[PDB]
């Protein structure tokens, strides 16, 4: 740890080879199907990784945040496509560099490949969990897990009745696979089970 701020010059070395660019909230950094030729690094902000179906429904594969790489999957063979959309959820600052350039950096210092790889490992772990949720739990179950997750981060909040979070009906729906209005119906149901206290900023009692 560099304490609160863990920057390390490996990072700064890395970053000095990139151009940093800003993106307002809801800007799309990456479009599914685009040719993959560029790697991103999130200096500031957080993003949504999402996929769409044939009707236009969107679901969230993951949230990523500062310190996270993005656009890394097309890096090990060329001629690939972006596997998903990536959208800024907040204002963002993101470093970017060509794949060839990045491939060059690796030669010099493979610890950058190690750090990237370690992120991919974590993503697969997390995907495995998310897959059991989606495959086994019913839409209420997925919603409760979700809540229980959003609250399990240092970006959440605290409260006598537990921890509070800032999430919307569309958000949750995109994470569990259901409408806006279903979520509302299910969030009322849980409040009723005195599982939560909602108000735009949900209050998860916490325990599971």
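Positions refer to the first chain, counted from 1.
A summary of the deposited B-factors shows that, of 188-196 and 10-18, the stretch with the larger mean C-alpha value is 188-196.
The mean C-alpha temperature factor is higher for 144-152 when 51-59 and 144-152 are set side by side.
In this structure the maximum Cα B-factor among 181, 68, 37, 161 is found at 161.
Of the candidates 43, 30, 167, 64, the one whose C-alpha carries the top B factor in the deposited record is 167. Per-chain ranking of the deposited C-alpha B factor places residue 138 in the highest third. Sort the modelled residues of the chain by CA B factor and residue 81 lands in the middle third. The entry lists a Cα temperature factor for residue 157 that places it in the highest third of the chain's modelled residues.
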